[PDB]
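Visitor: Structure file coords.cif (mmCIF, C-alpha atoms and all ligand atoms) is given on the next line.
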```cif
data_data
loop_
_atom_site.label_atom_id
_atom_site.label_comp_id
_atom_site.auth_asym_id
_atom_site.auth_seq_id
_atom_site.Cartn_x
_atom_site.Cartn_y
_atom_site.Cartn_z
CA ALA A 1 76.33 27.47 -47.64
CA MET A 2 78.26 26.36 -44.56
CA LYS A 3 79.51 23.06 -43.15
CA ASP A 4 76.95 20.25 -42.86
CA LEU A 5 75.50 20.16 -39.34
CA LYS A 6 73.40 16.99 -39.72
CA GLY A 7 73.90 14.41 -36.99
CA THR A 8 75.67 16.70 -34.51
CA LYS A 9 74.82 17.79 -31.00
CA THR A 10 75.21 21.36 -32.28
CA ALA A 11 72.24 20.74 -34.59
CA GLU A 12 70.04 19.90 -31.61
CA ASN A 13 71.43 22.83 -29.61
CA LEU A 14 70.49 25.26 -32.39
CA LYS A 15 66.96 23.83 -32.33
CA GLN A 16 66.67 24.18 -28.55
CA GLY A 17 68.17 27.66 -28.70
CA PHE A 18 65.60 28.65 -31.32
CA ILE A 19 62.75 27.36 -29.12
CA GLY A 20 63.96 29.30 -26.10
CA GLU A 21 64.58 32.54 -27.99
CA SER A 22 61.12 32.30 -29.60
CA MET A 23 59.45 31.89 -26.21
CA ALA A 24 61.51 34.73 -24.74
CA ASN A 25 60.36 37.30 -27.27
CA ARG A 26 56.71 36.35 -26.71
CA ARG A 27 57.12 36.36 -22.92
CA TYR A 28 58.89 39.72 -22.75
CA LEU A 29 56.33 41.45 -24.99
CA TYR A 30 53.53 40.04 -22.83
CA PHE A 31 55.30 41.19 -19.66
CA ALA A 32 55.76 44.63 -21.24
CA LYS A 33 51.98 44.96 -21.56
CA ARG A 34 51.68 44.57 -17.79
CA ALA A 35 54.32 47.26 -17.32
CA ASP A 36 52.34 49.42 -19.77
CA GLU A 37 49.11 49.07 -17.78
CA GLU A 38 50.80 49.81 -14.45
CA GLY A 39 52.58 52.93 -15.70
CA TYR A 40 56.20 51.74 -16.00
CA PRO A 41 57.04 53.01 -19.49
CA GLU A 42 60.82 52.83 -19.09
CA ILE A 43 60.58 49.22 -17.90
CA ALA A 44 58.18 48.40 -20.74
CA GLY A 45 60.50 49.99 -23.30
CA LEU A 46 63.46 48.03 -21.94
CA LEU A 47 61.46 44.80 -22.13
CA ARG A 48 60.56 45.60 -25.75
CA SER A 49 64.21 46.29 -26.59
CA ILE A 50 65.39 43.07 -24.94
CA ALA A 51 62.68 41.32 -26.97
CA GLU A 52 64.29 42.70 -30.14
CA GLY A 53 67.53 41.11 -28.98
CA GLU A 54 65.75 37.77 -28.67
CA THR A 55 64.39 38.22 -32.20
CA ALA A 56 67.92 38.73 -33.49
CA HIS A 57 69.02 35.60 -31.63
CA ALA A 58 66.18 33.45 -32.97
CA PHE A 59 66.79 34.64 -36.53
CA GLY A 60 70.52 33.94 -36.18
CA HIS A 61 69.80 30.42 -35.01
CA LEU A 62 67.65 29.96 -38.12
CA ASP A 63 70.47 31.32 -40.30
CA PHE A 64 72.88 28.66 -39.01
CA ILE A 65 70.18 25.97 -39.26
CA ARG A 66 69.45 26.89 -42.90
CA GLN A 67 73.11 27.31 -43.90
CA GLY A 68 74.07 24.05 -42.15
CA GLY A 69 71.54 21.95 -44.07
CA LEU A 70 69.17 21.44 -41.13
CA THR A 71 65.37 21.54 -41.07
CA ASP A 72 62.81 23.84 -39.47
CA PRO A 73 62.70 23.28 -35.68
CA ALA A 74 58.91 23.34 -35.73
CA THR A 75 58.18 20.98 -38.63
CA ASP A 76 61.35 19.03 -39.59
CA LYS A 77 60.98 20.36 -43.15
CA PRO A 78 63.67 22.15 -45.19
CA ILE A 79 63.52 25.94 -45.27
CA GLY A 80 66.18 26.80 -47.83
CA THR A 81 63.98 28.44 -50.49
CA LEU A 82 60.86 30.58 -50.22
CA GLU A 83 58.73 27.75 -51.61
CA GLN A 84 60.15 25.41 -48.97
CA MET A 85 59.44 28.02 -46.28
CA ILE A 86 55.80 28.19 -47.35
CA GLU A 87 55.65 24.38 -47.45
CA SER A 88 56.91 24.33 -43.86
CA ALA A 89 54.23 26.81 -42.82
CA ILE A 90 51.58 24.65 -44.48
CA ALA A 91 52.84 21.51 -42.75
CA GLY A 92 52.82 23.11 -39.30
CA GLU A 93 49.41 24.74 -39.62
CA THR A 94 48.03 21.45 -40.95
CA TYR A 95 49.37 19.57 -37.93
CA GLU A 96 47.79 22.18 -35.68
CA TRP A 97 44.28 22.08 -37.16
CA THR A 98 44.04 18.36 -38.00
CA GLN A 99 45.64 16.97 -34.82
CA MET A 100 46.93 19.31 -32.12
CA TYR A 101 44.17 21.80 -31.31
CA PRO A 102 41.25 19.37 -31.82
CA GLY A 103 42.95 16.99 -29.39
CA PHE A 104 43.61 19.76 -26.89
CA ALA A 105 39.95 20.75 -27.13
CA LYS A 106 38.73 17.19 -26.55
CA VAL A 107 40.97 16.83 -23.49
CA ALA A 108 39.89 20.20 -22.09
CA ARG A 109 36.24 19.18 -22.34
CA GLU A 110 36.95 15.81 -20.71
CA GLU A 111 38.75 17.55 -17.82
CA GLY A 112 35.86 19.96 -17.26
CA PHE A 113 37.37 23.13 -18.78
CA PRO A 114 34.85 24.07 -21.49
CA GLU A 115 36.03 27.69 -21.80
CA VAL A 116 39.58 26.54 -22.53
CA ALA A 117 38.12 24.00 -24.95
CA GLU A 118 36.29 26.78 -26.80
CA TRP A 119 39.59 28.66 -27.15
CA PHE A 120 41.32 25.59 -28.56
CA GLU A 121 38.40 25.12 -31.00
CA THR A 122 38.68 28.74 -32.13
CA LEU A 123 42.40 28.19 -32.69
CA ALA A 124 41.79 24.98 -34.66
CA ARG A 125 39.56 26.88 -37.08
CA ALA A 126 42.11 29.69 -37.26
CA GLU A 127 45.00 27.39 -38.14
CA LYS A 128 42.89 25.76 -40.86
CA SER A 129 42.34 29.24 -42.31
CA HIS A 130 46.07 29.94 -42.10
CA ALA A 131 46.86 26.66 -43.84
CA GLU A 132 44.43 27.45 -46.67
CA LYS A 133 45.93 30.91 -47.16
CA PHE A 134 49.48 29.53 -47.27
CA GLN A 135 48.36 26.83 -49.72
CA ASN A 136 47.07 29.63 -51.94
CA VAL A 137 50.48 31.33 -51.69
CA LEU A 138 52.26 28.15 -52.75
CA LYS A 139 49.96 27.67 -55.74
CA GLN A 140 50.79 31.20 -56.88
CA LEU A 141 54.55 30.76 -56.40
CA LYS A 142 54.54 27.51 -58.38
CA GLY A 143 52.54 29.02 -61.26
CA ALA B 1 38.01 24.75 -11.72
CA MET B 2 39.47 26.78 -14.58
CA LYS B 3 41.29 28.82 -11.92
CA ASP B 4 43.19 25.70 -10.76
CA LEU B 5 44.65 23.83 -13.73
CA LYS B 6 47.69 22.40 -11.95
CA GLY B 7 48.46 18.78 -12.72
CA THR B 8 46.02 18.42 -15.61
CA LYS B 9 46.74 17.47 -19.19
CA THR B 10 45.19 20.80 -20.24
CA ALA B 11 48.00 22.54 -18.32
CA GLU B 12 50.60 20.70 -20.40
CA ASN B 13 48.69 21.43 -23.61
CA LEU B 14 48.63 25.16 -22.87
CA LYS B 15 52.41 25.05 -22.41
CA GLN B 16 53.00 23.14 -25.65
CA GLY B 17 50.59 25.40 -27.49
CA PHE B 18 52.52 28.42 -26.25
CA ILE B 19 55.81 26.93 -27.48
CA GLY B 20 54.44 26.19 -30.94
CA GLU B 21 52.78 29.59 -31.32
CA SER B 22 55.99 31.34 -30.23
CA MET B 23 58.03 29.50 -32.85
CA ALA B 24 55.39 30.16 -35.51
CA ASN B 25 55.58 33.93 -35.12
CA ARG B 26 59.39 33.89 -35.31
CA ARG B 27 59.36 31.55 -38.33
CA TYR B 28 56.82 33.56 -40.31
CA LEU B 29 58.61 36.89 -39.74
CA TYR B 30 61.86 35.25 -40.86
CA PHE B 31 60.18 33.81 -43.96
CA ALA B 32 58.70 37.25 -44.72
CA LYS B 33 62.21 38.66 -45.10
CA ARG B 34 62.88 36.24 -47.94
CA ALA B 35 59.63 37.29 -49.62
CA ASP B 36 60.72 40.90 -49.10
CA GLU B 37 64.07 40.37 -50.83
CA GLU B 38 62.55 38.52 -53.78
CA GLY B 39 59.79 41.07 -54.44
CA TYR B 40 56.71 39.25 -53.11
CA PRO B 41 55.09 41.98 -50.99
CA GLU B 42 51.66 40.32 -50.84
CA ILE B 43 53.21 37.07 -49.58
CA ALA B 44 55.35 38.99 -47.09
CA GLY B 45 52.31 40.92 -45.89
CA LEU B 46 50.30 37.73 -45.45
CA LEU B 47 53.14 36.14 -43.45
CA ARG B 48 53.29 39.23 -41.24
CA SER B 49 49.53 39.31 -40.73
CA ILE B 50 49.33 35.59 -39.93
CA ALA B 51 52.24 36.14 -37.53
CA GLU B 52 50.04 38.62 -35.63
CA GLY B 53 47.48 35.84 -35.33
CA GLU B 54 50.13 33.61 -33.78
CA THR B 55 51.00 36.41 -31.35
CA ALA B 56 47.36 36.59 -30.26
CA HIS B 57 47.32 32.82 -29.81
CA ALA B 58 50.50 32.78 -27.72
CA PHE B 59 49.29 35.63 -25.51
CA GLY B 60 45.93 33.92 -25.03
CA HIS B 61 47.68 30.75 -23.93
CA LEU B 62 49.59 32.82 -21.36
CA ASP B 63 46.30 34.36 -20.19
CA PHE B 64 44.86 30.92 -19.40
CA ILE B 65 48.16 29.80 -17.85
CA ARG B 66 48.22 32.77 -15.48
CA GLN B 67 44.50 32.59 -14.70
CA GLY B 68 44.86 28.88 -13.94
CA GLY B 69 47.67 29.33 -11.45
CA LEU B 70 50.19 27.73 -13.80
CA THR B 71 53.82 28.70 -14.31
CA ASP B 72 55.89 30.27 -17.08
CA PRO B 73 56.48 27.71 -19.85
CA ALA B 74 60.14 28.76 -20.07
CA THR B 75 61.15 28.75 -16.39
CA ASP B 76 58.46 26.98 -14.32
CA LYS B 77 58.16 30.13 -12.21
CA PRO B 78 54.93 31.99 -11.43
CA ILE B 79 54.14 34.98 -13.63
CA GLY B 80 51.08 36.49 -11.98
CA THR B 81 52.42 39.89 -10.95
CA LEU B 82 54.88 42.16 -12.72
CA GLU B 83 57.53 41.44 -10.08
CA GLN B 84 57.04 37.72 -10.65
CA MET B 85 57.34 38.23 -14.41
CA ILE B 86 60.66 40.01 -13.94
CA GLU B 87 61.86 37.31 -11.53
CA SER B 88 61.05 34.72 -14.19
CA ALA B 89 63.05 36.68 -16.77
CA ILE B 90 66.01 36.90 -14.39
CA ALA B 91 65.97 33.16 -13.73
CA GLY B 92 65.78 32.23 -17.42
CA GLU B 93 68.46 34.64 -18.62
CA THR B 94 70.71 33.51 -15.77
CA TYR B 95 70.33 29.88 -16.85
CA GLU B 96 71.11 30.87 -20.44
CA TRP B 97 74.34 32.76 -19.69
CA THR B 98 75.72 30.61 -16.87
CA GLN B 99 74.92 27.20 -18.31
CA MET B 100 73.07 26.88 -21.60
CA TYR B 101 74.98 28.99 -24.12
CA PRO B 102 78.47 28.30 -22.67
CA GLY B 103 77.72 24.59 -22.92
CA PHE B 104 76.42 24.96 -26.47
CA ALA B 105 79.57 26.90 -27.39
CA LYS B 106 81.90 24.25 -25.95
CA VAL B 107 80.09 21.51 -27.90
CA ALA B 108 80.19 23.53 -31.13
CA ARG B 109 83.94 24.11 -30.76
CA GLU B 110 84.59 20.44 -30.00
CA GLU B 111 82.51 19.38 -33.02
CA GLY B 112 84.51 21.65 -35.35
CA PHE B 113 82.00 24.48 -35.86
CA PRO B 114 83.89 27.56 -34.66
CA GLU B 115 81.56 30.11 -36.28
CA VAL B 116 78.60 28.59 -34.46
CA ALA B 117 80.63 28.48 -31.24
CA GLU B 118 81.46 32.18 -31.58
CA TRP B 119 77.75 32.92 -32.04
CA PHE B 120 76.88 30.96 -28.90
CA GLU B 121 79.61 32.86 -27.00
CA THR B 122 78.19 36.19 -28.22
CA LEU B 123 74.76 35.07 -27.05
CA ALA B 124 76.11 33.99 -23.66
CA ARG B 125 77.47 37.50 -23.11
CA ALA B 126 74.21 39.00 -24.40
CA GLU B 127 72.10 36.95 -21.98
CA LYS B 128 74.36 38.03 -19.11
CA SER B 129 73.64 41.64 -20.09
CA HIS B 130 69.92 40.89 -20.34
CA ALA B 131 69.96 39.27 -16.89
CA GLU B 132 71.65 42.36 -15.43
CA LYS B 133 69.08 44.67 -17.03
CA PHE B 134 66.20 42.61 -15.63
CA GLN B 135 67.92 42.63 -12.23
CA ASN B 136 67.97 46.43 -12.47
CA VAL B 137 64.24 46.41 -13.27
CA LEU B 138 63.57 44.37 -10.14
CA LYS B 139 65.67 46.78 -8.07
CA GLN B 140 63.57 49.65 -9.42
CA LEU B 141 60.28 47.87 -8.69
CA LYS B 142 61.44 47.20 -5.11
CA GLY B 143 62.36 50.87 -4.57
CA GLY B 144 65.72 51.33 -6.27
CL CL A 201 59.29 52.99 -15.68
CL CL A 202 53.49 38.98 -53.83
FE FE A 203 68.56 35.47 -26.46
FE FE A 204 49.65 28.24 -36.59
FE FE A 205 48.31 29.83 -33.94
FE FE A 206 67.48 35.40 -23.28
O O A 207 67.55 34.50 -24.89
O O A 208 49.66 28.41 -34.72
#
```
Mind turning the file's structure into structure tokens?
Guide:
Amino acid sequence: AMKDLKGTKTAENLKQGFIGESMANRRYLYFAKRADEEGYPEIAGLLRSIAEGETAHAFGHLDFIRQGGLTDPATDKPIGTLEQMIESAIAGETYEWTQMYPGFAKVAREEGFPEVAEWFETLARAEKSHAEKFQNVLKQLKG
Amino acid sequence: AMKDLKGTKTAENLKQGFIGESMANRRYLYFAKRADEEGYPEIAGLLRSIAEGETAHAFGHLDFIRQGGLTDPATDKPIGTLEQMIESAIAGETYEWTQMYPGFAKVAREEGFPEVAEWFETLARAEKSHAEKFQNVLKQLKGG
């Protein structure tokens, strides 16, 4: 591996860089769909290509995070081995279905946004399904 | 009014949901590559399929954000129209190349991590290129 990054500002900067690059890929693919609808195929293709750049950037941030002994930006769990990667996926999905999306749904209903609440409730059930499927993966890797 | 979400906690939750879903898709595609190398194609395929779920979630969050008159989670700029979307991309990439990545690179060098610094410098130049390409897009939308 590489030099230990724990405790540095660079460790936090890699995390923040990963967050921004992740958002950018999602944003640019969403924007490309609007270009698609409106008939701007060269713009849409450029947006998709820039999005591939942001993928490369996000993955490179993860490379340095993993090689520097740091944890997953999303879950604060190690992601050195495949088993650890799956354990990180389980931890994040579990946070999302047990805490995050149910709370978002409750708040949306309290604030008078039942349609948004229904979306958050759909997502809560979806993340529970994801968590169960990843748990099945881990069981198979450890057997 | 679901069409005016400004200032509500639900607005903040949509933003945070978008951030988490965006990271999840990137993480699961990265993890899939390790499964690929090691010969676990069913695990890799599951990671890729779940990642498509996280794409749908992120895009749905953006749908509610736009429909509610809220701004881009990354830039705090409106993203209703295509021109606005491109203007948001320009603002974010400009921040990344003029401030964010150069600052990250300086810190990495000062902390004794030259390989990470070089990566941040490569990314700074890349985001400058991205900003210029988005600027060209805006020129084309405006008539160029
Ligand atoms: Cl075009
Ligand atoms: Cl497999
Ligand atoms: Fe980037
Ligand atoms: Fe999830
Ligand atoms: Fe999700
Ligand atoms: Fe960028
Ligand atoms: O980026
Ligand atoms: O998720």
Visitor: Between A:52, A:93, A:33, A:23, single out the one closest to chain B, counting only C-alpha atoms.
Guide: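 Nearest to chain B: A:23.
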Visitor: Please find the residues of chain A near chain B - the criterion being any atom within 6 Å, counting all atoms listed in the file - and write them as number ranges by chain.
Guide: A: 10, 22-23, 108, 113
Visitor: Can I get the selection written as a JSON list (two decimals), in the coordinates of the input, with C-alpha atoms?
Guide:
```json
[["chain", "number", "residue", "atom", "x", "y", "z"],
["A", 10, "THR", "CA", 75.21, 21.36, -32.28],
["A", 22, "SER", "CA", 61.12, 32.30, -29.60],
["A", 23, "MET", "CA", 59.45, 31.89, -26.21],
["A", 108, "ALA", "CA", 39.89, 20.20, -22.09],
["A", 113, "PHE", "CA", 37.37, 23.13, -18.78]]
```
Visitor: Please provide as a VMD selection string all residues within 8 Å of residue 131 of chain A, with the sequence filter that same-chain residues fewer than 5 positions apart are discarded (counting only C-alpha atoms).
Guide: chain A and resid 89 to 91 93 to 94
Visitor: Please return as a PyMOL selection string the residues found within 6 Å of ligand CL 201 (chain A), counting all atoms listed in the file.
Guide: chain A and resi 40-43
Visitor: Convert the current residue selection to file output with C-alpha atoms, as a PDB file, keeping the file's coordinate frame.
Guide:
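Result file is again07.pdb:
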```
ATOM      1  CA  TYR A  40      56.200  51.740 -16.000  1.00  0.00           C
ATOM      2  CA  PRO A  41      57.040  53.010 -19.490  1.00  0.00           C
ATOM      3  CA  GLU A  42      60.820  52.830 -19.090  1.00  0.00           C
ATOM      4  CA  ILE A  43      60.580  49.220 -17.900  1.00  0.00           C
TER       5      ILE A  43
END
```
Visitor: Taking only C-alpha atoms and all ligand atoms into account, list the residues no farther than 6 Å from ligand FE 203 (chain A), as an NGL selection string.
Guide: (:A and (21 or 54 or 57)) or (:B and (127))
Visitor: Specify the axis-aligned box that encloses all atoms of segment 21-33 of chain A listed in the file after padding of 3 Å on each side, stating its centre and edge lengths in Å to one decimal as lines of an AutoDock Vina configuration file.
Guide:
```
center_x = 58.3
center_y = 38.4
center_z = -24.6
size_x = 18.6
size_y = 19.1
size_z = 15.9
```
Visitor: I need the residue nearest ligand FE 205 (chain A) from this list: A:73, A:92, A:53, A:17. Use all atoms listed in the file for the distance.
Guide: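 Smallest separation from ligand FE 205 (chain A) among the options: A:92.
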Visitor: Extract, using all atoms listed in the file, all DNA, RNA and protein residues at most 12 Å from residue 84 of chain A, discarding same-chain residues fewer than 4 positions from it, and format them as a list in words.
Guide: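 Near residue 84 of chain A, the qualifying residues are residues 66, 71, 72, 75, 76, 77, 78, 79, 80, 88, 89, 90, 91, 134, 135, 137, 138, 141 and 142 of chain A; 31, 34 and 35 of chain B.
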